[PDB]
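So the structure is just underneath, and the comments pick up after that.
Residue numbers (the working numbering), protein chains in the order written: chain W, 50 to 85; chain Z, 50 to 85; chain L, 15 to 260; chain H, 15 to 260; chain E, 15 to 260; chain F, 15 to 260; chain D, 15 to 260; chain Y, 15 to 260; chain P, 15 to 260; chain X, 15 to 260.
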C-alpha cells in the first residue's frame with residue numbers, strides 16, 4: 050500500500066496517546082542525580 | 050484474508066495503547082539493583 | 015525490481031508438456047462471471063472484490079499455451095465488429111475479408127464461491143522479555159469450467175477445481191531491561207500473503223487438464239497417437255479424478 | 015498446497031452409485047436465485063452476500079455427474095445464440111447445424127433462507143495462570159428444488175433440504191509468574207469455519223437424490239431393471255423421506 | 015452433520031393427514047411480496063432483510079404436499095416461455111405440445127409486517143463469585159394469504175396467521191479466589207435463535223389449512239365424502255377460527 | 015409457541031357484528047401508500063421503514079370480514095391479466111370466461127404520518143442497594159381512508175383515525191454487600207413493545223366502521239331493516255364522530 | 015388505548031361552523047409537494063423526512079368537511095382511469111357511465127420550508143442533592159396554498175400560514191446521602207413532543223379559511239345570505255389578515 | 015400556540031404600499047432553482063439542503079400581493095393541462111373554455127449561493143463560580159431575479175439581493191460551594207436561530223421592488239400618475255440602488 | 015521543480031533500440047479494462063481505484079515509440095466521426111477526404127489483478143533513548159496483452175507480465191535525558207512509495223517486446239534483415255520467455 | 015486581495031516566445047478525460063476528485079496563447095448547434111451564415127494517473143522547551159497528449175509529461191518554565207500546499223511545446239523561416255526530449 054510518514058512524537062505532529070509512554074520510558078532510564 | 054504487518058511497539062509505528070503495558074511488564078521483571 | 019512474466023506453478027509446466035492432438039479445436043470464451051458475491055473486509059474498501067474480475071483473460075492464456083485449442087475473440091466482439099465495418103466501408107470506396115471463424119465448442123464457467131478464513135491458527139511464547147509468535151490463515155477458492163457443444167446446446171464435461179491460499183505472519187520481539195536503568199528493544203517481522211490473482215491462475219490451468227483428459231475417455235477428441243495415451247501426465251490426472259472427502 | 019478437485023461429502027459418493035435408468039432425461043437449468051436476502055455482518059463488508067450467487071453452476075455439476083440427466087446450456091443462452099449467428103453467417107458465404115436440443119423437464123429452484131447463529135455456545139476455564147476455552151456456532155442453509163413439466167406447466171415434485179454449518183474455535187493460554195521476577199507466556203489457537211460454498215454443494219447433491227427417488231414412486235421415469243428398485247441407496251433415502259420434527 | 019429434509023412443525027403433519035377432496039384444484043402462485051420493509055439491526059448488515067424473500071417457494075411446497083392442489087409454474091414463466099420457443103422452433107424443422115394448463119383460482123398474498131422485540135426479559139443472580147443469568151426475546155411475524163377467483167376477479171377467502179419467534183440465551187460464570195493467591199474462573203454459555211426461515215414455513219403451512227377449511231364452509235369446493243366433514247383435524251381448526259384478543 | 019390467527023382488538027369484534035345491508039357493494043382497493051416518510055432510528059437499520067408497506071393487504075381483510083363489501087383483486091392486476099391470456103390462448107386451441115367484475119366505489123387512502131416519541135416518562139428509586147425503575151414511550155399513527163365514486167370521480171366520505179402505541183419497560187436491581195466481604199446481585203427486567211403491525215390493523219378496522227356509518231347518514235347505501243338503525247354499535251360510533259380536542 | 019378520530023385543534027371547530035354558500039365549488043387537488051428539503055437529524059435515520067409527504071391527503075379532508083367544496087379524485091387518477099377501462103370492457107360484452115366531473119378551480123400548493131430549533135432554552139437548579147431542570151424547543155412550519163383558475167390559468171388568491179411546534183421536557187432528580195452510609199436516589203422525567211403530523215393539519219385547516227374569506231371580498235364566490243357576511247368567524251379571520259411583524 | 019399568517023419583515027409593508035400602475039402585467043414564474051449546492055453540516059442529516067427548494071412558491075406570493083402583477087400557473091402546468099383534457103372530453107359528450115392566458119414577461123432566477131459562518135464571535139467571563147457567555151454566527155444568502163422579455167428572448171433587468179441570518183446564543187451558569195459542604199447550581203440558556211425560510215422571503219420581496227423600480231427608469235412600464243414618481247418608497251430604493259463596497 | 019517527460023525504466027531504452035521491420039503494422043487499441051476490481055484501503059477514499067483507468071493511453075505511447083506499429087484512434091472514435099460529419103457538411107456547400115485507415119491486427123488486453131501487501135517486513139532497534147526502524151511493503155500488478163487477428167477473429171499471441179511495487183519507510187528517533195533536568199529530542203524520517211502509475215507503464219512496455227518477439231518466431235511478421243535476428247535485445251527476451259516458478 | 019490573471023510558470027513565458035509558423039493550424043479539442051480514478055483522502059470528502067475535471071479548458075488556453083493554433087469550439091458543440099437553429103429559424107422569416115470551420119488535426123489526450131505521497135520526510139528537534147520541525151510531501155501528476163490526424167485516423171505524435179507537487183510545513187514551538195511558577199508558551203507555524211490546479215496547467219503548457227517541436231522534426235508543419243530552426247527555445251526542448259531514468 051502507501052507508506053505515509055508520521056512523527057511518533059506528540060510534541061511534533063503525531064498521535065498524542067503515546068505521550069505518557071514516551072516520558073515514562075525516559076525517566077525510567079535517566080541516571081543523572083541532582084548536582085549541588 | 051490479508052496479513053498486514055504492524056509493529057507491536059508504540060516507539061515504532063504501532064498502537065499507542067499498549068505502551069503502559071509494555072513498560073509495566075518490564076519493570077515487573079527487572080532484577081538490577083542500583084550499583085554504588 | 016525488473017518486469018518479467020507472471021510466475022507460474024507446477025500446473026503450467028504440467029500443461030505445456032501435454033501430448034499433441036490430431037487437430038486443434040476452436041473455442042469461444044465469452045465470459046467467466048465472478049459469482050462469488052464476496053467483497054474484502056476491513057481495513058480494505060467496502061467495494062473491492064475478493065476475486066479479480068479478469069478470470070476470462072486468464073482462461074484464454076491457459077487455452078492458448080496448452081497447444082490444443084485455438085481461442086477466438088468473443089469478449090471484445092463489439093469492438094471487433096466495429097472494426098470490420100471500417101474495413102468494409104473502405105472496400106467499396108477507392109483483398110476481400112472472409113467471415114469470422116466460428117467454434118465447435120465454447121468453454122464457459124464461473125468462480126463458484128470464495129470463502130475466507132477457512133482455517134486459522136497461531137502460536138506464541140514469551141520468556142523474560144524475549145518473545146516470538148506465528149499466525150496463518152488459509153482461504154479457499156473454487157472454479158467451475160464446463161464445455162458446451164454449441165451445435166446442439168448440450169454440456170459435454172464439467173469439472174470443479176479448488177485451491178488454498180495460505181497467508182502467514184512471523185514476528186519476534188525483545189523488551190528487556192539490560193544492565194541497570196538501560197532498556198533494550200528490537201522487533202523483526204515478516205508476512206507473506208499469497209496472491210489470489212496467482213492462485214486463480216493455477217486453479218484454472220489445472221481445470222483445463224481435467225477437461226482435456228475427460229475428452230479422451232469420452233471419445234470427444236482423440237490423440238494423435240494412441241501410444242501416448244499412457245503418458246505420465248495423463249496418468250497423474252487420472253488418479254486425481256476422484257475428489258477428496260469431507 | 016496443490017490444486018485438486020473440489021472436496022465432496024458422503025452424498026456425492028452416494029449420488030454416483032445410483033442405479034441406471036432406461037434413458038437419460040434432458041433438463042434445462044435456467045436460474046437458481048439467491049432469495050435469502052441476507053448479507054454478511056461486521057467485520058466483513060456491507061455488500062458481501064452470505065450465500066454465493068453460483069448455485070446454478072453447482073446444480074449442473076450435480077445433474078451431469080449423476081449419470082441420469084443430460085443438462086442443457088440455458089444460463090448463457092444469449093451467448094450461445096450469438097455464436098450460432100456467426101456460424102450461420104459463414105454458412106451462406108463461401109455441415110448445416112441442427113436446432114437446439116430442447117428438454118422434457120426443467121429443474122429450477124431457490125435457496126430458501128440462510129439463518130446465521132441458530133445455536134451457539136462456549137466453555138472456559140482458568141486455574142492459576144493456565145487457561146483454555148472453546149466456542150462454536152452453527153448456521154443453517156436451506157435449498158428448494160422443484161421439477162417443472164415444461165409441456166403443461168405443472169410442478170411434478172418439490173423437495174426442501176437443509177444443512178448445518180459448524181464453525182468452532184479452540185484457544186489455550188498461559189500467563190504466569192514462574193520463579194521470582196520472571197514471566198512465562200504462551201498462546202495456542204485454532205479455528206475452523208466450514209465453508210458455506212461447500213455446504214451448499216452437499217445440500218444440492220442430496221436434493222437431487224430426493225428428486226430421482228420421488229420420480230420412481232410417482233411413475234414419472236422408471237428404472238432400467240425393477241430388481242434394482244430395492245437398492246441400498248434408494249432404501250436409505252426412503253427412510254429420510256419423512257422430515258425431522260421441531 | 016448430515017444433509018436432510020427441512021425440519022417441520024406440528025402443522026406439516028397436520029397438513030398431510032387432511033381429508034381428500036373430489037378433484038384437485040389448479041392454482042397459480044405468482045409472487046408473495048416481502049412487504050415488511052424491515053431490515054436487520056446492528057451488528058448485522060444494513061442491507062440484510064429480516065424476512066427472507068423466498069416465501070413464494072415455501073407456499074408451493076405447502077400446496078403441493080397438501081394433496082389438494084396442483085401448483086403451476088408462474089414464477090419462472092419468462093423462462094418457461096423461452097423454453098417453449100425452442101421446442102416450437104424444432105417442430106417445424108426436421109409430438110405437438112399442448113398449451114399451458116391454466117388455473118381456476120390463484121393463491122396470492124404477502125408477509126404483513128415483522129416486528130422485532132415485541133417482548134423481552136431477563137433474570138440474573140450473583141452470590142460470592144458464582145453467577146448465572148438468562149435472557150429472551152420474541153419477535154412476531156404475520157402472513158396474509160388470499161384466494162382470488164381468476165374468472166371474475168373477486169376475492170373468495172382471506173386469512174391472517176401469526177407466529178412468535180423465541181430467542182433465548184443462558185450463561186453462567188465463576189470468578190472467585192480459591193485458597194489464598196489462586197484464582198478460579200469458568201464460563202458456560204448457550205444461545206438459541208429460532209430461525210425466521212423455519213417459522214415462516216410454519217405460518218404458511220397453517221394458513222393453507224385455514225383456506226381449505228374456509229372453502230368447505232362456504233361451498234367453494236366439497237369433500238369426497240361428507241362423513242369426513244367431522245374429521246379431528248378440521249374440528250381442530252374450527253375452534254381456532256376466532257382470533258385471540260388484545 | 016403455536017401458529018394461530020392474528021390477534022384482534024375490540025374493533026374487530028365490533029366490526030363483525032354490524033347490521034346487514036340490502037346488497038353487498040363491490041370495491042376496488044388499489045394501493046394505500048406509506049406516505050409517512052419516516053424510517054426507524056438507531057440502533058435499527060437506516061433503511062427499515064417505521065410503518066409496514068402492507069396496509070393494502072390489511073384493508074382487504076377488513077372489508078372482506080365486515081360482511082358488507084365484496085373486494086376485488088386490483089393489487090395484482092398485472093398478474094391476473096397475464097393469467098387470463100393463458101386461459102384465452104387455450105380457448106381457441108383444442109366454458110368461455112366472462113369479463114372482470116367492476117366496482118361501484120373504490121376505497122383508497124394513505125397512512126398520514128407516524129410520529130415517534132410523542133410522550134415519554136420514567137420513574138426511578140434506589141434505597142441502600144435495592145432499586146427499581148420504569149419507562150414508557152407512546153408513538154402515534156394516523157390512517158386516512160376515503161371512498162371515491164368511480165362513476166363521476168367525486169369523493170363521497172373521508173375519515174381520519176388514530177392510535178397510540180405504548181412501549182414500556184420495567185427493571186429492578188440489587189447490588190448490596192450482604193454480611194462482611196460477600197456481595198449479592200440480582201436483576202429482573204421486562205419490556206413490552208406494542209407492534210405497529212397490530213396497531214395499524216386496529217386503526218384501519220375502526221376507520222371502516224366510520225365509512226359504513228357515514229354512508230347511512232348520507233343516504234349512500236341503506237340498511238336491510240330500518241329498525242336496525244338504532245343498533246348499539248352504530249350508536250357507539252356516532253358519539254365518537256366528533257374528534258378530540260387539542 | 016382505543017382507536018378514535020384524529021384530534022383536532024380550534025381551527026377545525028372554526029372551519030365546520032362557516033356560513034353556507036350558494037352552491038358548492040368543485041376542486042382538483044393534484045399534489046402538494048414537500049419542498050422543504052429538510053430531513054431529521056441524529057439520532058434518527060438519515061432518510062426520514064421532517065414533514066410527512068401526505069399533505070395532499072390532509073387538504074382533501076379539510077375541503078370536504080368544510081361544507082363548501084366537493085373534492086375530486088385527481089391523486090389516484092391513473093388508478094381511476096384503469097378502473098373505468100374495466101367497466102367499459104364489460105359494457106360492450108354481455109347503465110352507461112358518464113364522463114368525469116371536472117372542476118372550476120384547482121387548489122394546489124406546497125410546504126414552504128420547515129426550520130427546526132428556531133428558539134430554545136432551559137433552566138436548571140440544584141441545591142444539596144435535590145435538582146430539577148426544564149428544556150424546550152420550538153420548530154416552525156409554513157404552508158403555501160393557492161387557488162388556480164383552471165379556465166384561464168391565472169392565480170386567484172394565495173396565502174401563507176405558519177405554526178410553532180413546541181417540544182418541552184421536565185426532569186427532576188435526587189442523589190443524596192441520607193443518614194450515615196445510606197444513599198437515596200430518585201428520578202422523575204416527562205417529555206412531550208408535539209407531532210408535526212398534527213400541526214401540519216392545523217396549519218392547512220387555517221389556510222383554507224383564508225382562501226374562503228378572500229373569495230368573498232374579491233367577489234369570486236358569494237354567500238347564500240348577505241346578512242351572514244358579518245359572522246363572528248369571518249370577522250375573526252379578517253383581523254388576522256395582516257401578518258405579524260419581524 | 016395558534017396558527018396565523020407567515021410573519022413579514024419591513025419589506026412586505028414596503029411592497030404593499032407601492033404606487034399603482036396603468037395596467038397589470040402578466041408574468042410566468044416557471045422555476046427558481048436552488049443552485050447553492052450547499053447542504054447542512056453535522057449534527058443534521060447529510061441530505062438536508064441549507065436553503066428550501068420552495069423559492070418559486072415564495073416569489074408568486076410576492077408578485078401577487080404587490081398589486082402590480084397577475085401571476086400565471088406555470089409550475090404545475092402538467093397538472094393543469096391534464097385537467098383541461100377532462101373538461102374537453104366532457105364537452106363533446108352530453109360554456110366552451112378559452113385558451114390559457116399567456117404572459118408578456120417571465121420572471122425567473124436563482125438562489126446564487128449560501129455561505130454559512132461568514133462571521134462568528136463570542137465573549138465569556140467567569141469569576142468565582144458565577145459565569146456567563148455569548149455566541150453569534152451570521153450566514154449570508156443571495157437571490158438572483160431577472161425579467162425575461164418572452165417575445166424576443168432578451169433580458170430586461172437583473173438584480174441581486176442579499177440578507178444576513180443572525181443566530182445567537184446566551185448562556186449563564188453557577189457552580190459554587192455555598193456554606194460548608196453544600197453545593198449550589200443553576201443554568202439559564204437561550205438560543206435564537208433566525209429561519210432561513212423567513213430570510214429568503216424577505217430577500218425576494220425586496221428584489222421585486224428593485225425590478226419594479228428599474229422598470230420605471232428604463233421606460234418598460236409607466237406609472238398611472240407621474241406625480242407619484244416622487245413617492246417616498248421609490249425614492250428610498252433609489253438610494254439603495256448602488257451596492258455596498260467590500 | 016520543473017516539468018519534464020515521464021521518467022522511464024530500463025525497458026523503454028530496451029524498446030526503442032529494437033531492430034526495424036519490413037513495413038509498419040497498423041493496430042487498433044480500443045480499450046484496456048481495469049478488471050482488477052480493487053480499490054484503495056483506509057485512510058484513502060472508498061472510491062479511489064488502486065490502478066489508474068488510463069492503461070489504454072499508456073499502450074498507445076508504447077506502440078508509437080516502438081517504431082514498429084502505427085496506432086490508430088479508436089478510443090475517441092465517436093468524437094472523430096462527429097468531426098468528419100462537419101467536414102462533409104462543408105464539402106457539399108460552398109480536397110475530398112478519404113476513408114479511415116483500418117488495421118490488420120488489434121491489440122487489446124486487460125490488467126489481470128492487483129494484489130496489495132504480497133510481502134511485508136520491518137526491523138527495529140532501541141538502545142538507551144536512541145532508536146531506528148525500517149518498513150517495506152511490495153504490491154504486485156499484472157498486465158494481460160493479446161494480439162487479435164481482425165480478419166478471422168483468432169488470437170495470435172497472448173502474454174502476461176508482472177511488476178513488484180516496493181514502498182519502504184525509514185525512521186530514526188532520539189528521546190533522552192541529557193545532563194540533569196534537560197531533555198533532548200530529534201526525529202528523522204523518510205518514505206518512498208513507488209508509483210503504480212509508473213510501474214504500470216514499465217509492465218506494458220515490457221509486454222510489447224514479448225509480442226514483437228513472439229511474432230518473429232511464429233512467422234507473423236518478419237524482420238527487415240535476417241542477420242539482425244541475433245540481436246542482443248531479442249536474445250535477452252528469449253531467455254525470459256520461460257516464467258519464474260512458484 | 016485583488017483579482018488578477020492566473021499565475022504562470024516558466025513554461026508559459028517559454029511558450030509565448032515560440033517562433034512563428036507559416037500558417038495557423040485549426041484544432042478540435044473535444045475532451046481530456048480524468049482517467050486517474052483517484053479521489054482525495056481523509057479529512058476531505060469521499061467524493062472530491064484529486065485532479066480537477068477541467069483539463070480541457072486549460073489546453074485550449076495553452077493552444078490559443080501559443081500563437082500557432084486556432085482552437086475550435088467542440089466542447090459545447092450541442093449548445094452551439096442549438097444556437098445555429100435559432101439563427102436559421104429567423105433567416106426564413108422576416109447575411110446567410112456559413113458552415114462550421116473544420117480542423118485538420120484534433121488534439122486529444124488524458125491525465126494518466128495521479129500518485130499521492132511519492133516521497134515524504136521530516137526533521138524535528140527539541141532542546142529544553144524550545145522546538146522546531148519540518149515536513150514535506152510531493153505528489154506526481156502525468157499528462158498524456160496526442161495529435162490525431164482526422165483525415166485518415168492515424169496518430170501523428172504522442173508525448174507524456176510530468177510534474178511534482180511539493181507541499182511542505184514548518185512549525186516552531188516553546189513550552190518552558192521561565193522564572194519560578196511562570197510558564198511561557200509560543201507557536202509559529204506555516205504550511206504551503208502547491209495547487210494541483212496550477213501544476214496541471216504547467217504540465218499541459220509544457221506538453222504543447224513537445225508537440226510543436228515534434229512536428230518540425232517529422233515534417234508535419236514547417237516554420238516560417240528555416241533560420242529560426244536554431245532558436246534557443248527549441249534547442250532547449252530538444253535536450254529534454256530524452257526522458258529521465260528510474
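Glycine included, C-beta positions come from ideal geometry on N, C-alpha and C.
Using beta carbons (cut-off 8 Å, strictly below), is residue i in contact with chain Y?
| i | result |
| --- | --- |
| residue 215 of chain D | no |
Which residue marks the beginning of the alpha helix (DSSP H) containing residue i, and which one marks its end?
| i | result |
| --- | --- |
| residue 71 of chain H | 69-78 |
| residue 219 of chain E | 210-231 |
| residue 70 of chain W | 68-76 |
Might you give, ordered along the chain, the residues of its own chain that have their beta carbon closer than 7 Å to the beta carbon of residue i, omitting 5 neighbours on each side?
| i | result |
| --- | --- |
| residue 115 of chain X | 40, 86 |
Check whether chain L comes within 8 Å of residue i, counting only Cβ atoms and requiring the distance to be less than that.
| i | result |
| --- | --- |
| residue 75 of chain Z | yes |
Looking at the secondary structure, which residues open and close the beta strand (DSSP E) in which residue i lies?
| i | result |
| --- | --- |
| residue 160 of chain L | 144-163 |
Assign residue i to one of three DSSP states: helix, strand, or coil.
| i | result |
| --- | --- |
| residue 46 of chain Y | strand |
| residue 15 of chain D | coil |
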